[PDB]
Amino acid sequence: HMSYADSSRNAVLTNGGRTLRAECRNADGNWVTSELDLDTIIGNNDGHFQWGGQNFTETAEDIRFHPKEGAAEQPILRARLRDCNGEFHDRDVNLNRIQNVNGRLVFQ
């Protein structure tokens, strides 16, 4: 596996909190700038983040990212997610499930 964050740098969100953009080292050892549209791989399932879902941003507010959050310096995305009953919940997800494959952000 390996988190993308173990071989990437300078990660930020862009496009209104929808896109992860990072500099990822490739197999030649060079830095390659990569983007991954998080709406293609993260959903909002009744107020919780869902890996393998889609389109979370459509029912999220206050999207926030810290690429090196906490003592363990993990890439944490936070948002308020609406549940099916209309209530918003503060939620967090660690983006370390995203990999760097030869200079590209991927999710499997």
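Numbers follow the displayed sequence, beginning with 1.
Per the PDB record, is the mean Cα temperature factor higher over 22 to 30 or over 44 to 52?
Per the PDB record, 22 to 30.
On mean Cα temperature factor in this entry, is 80 to 88 or 94 to 102 the higher one?
Comparing 80 to 88 with 94 to 102, the higher average CA B-factor belongs to 94 to 102.
Thinking about Cα B factors across the chain, which third does residue 71 belong to?
It falls in the top third of the chain.
Divide the modelled residues of the chain into thirds by Cα B-factor and specify which third, lowest, middle or highest, holds residue 61.
For residue 61, the deposited C-alpha B-factor lands in the middle third.
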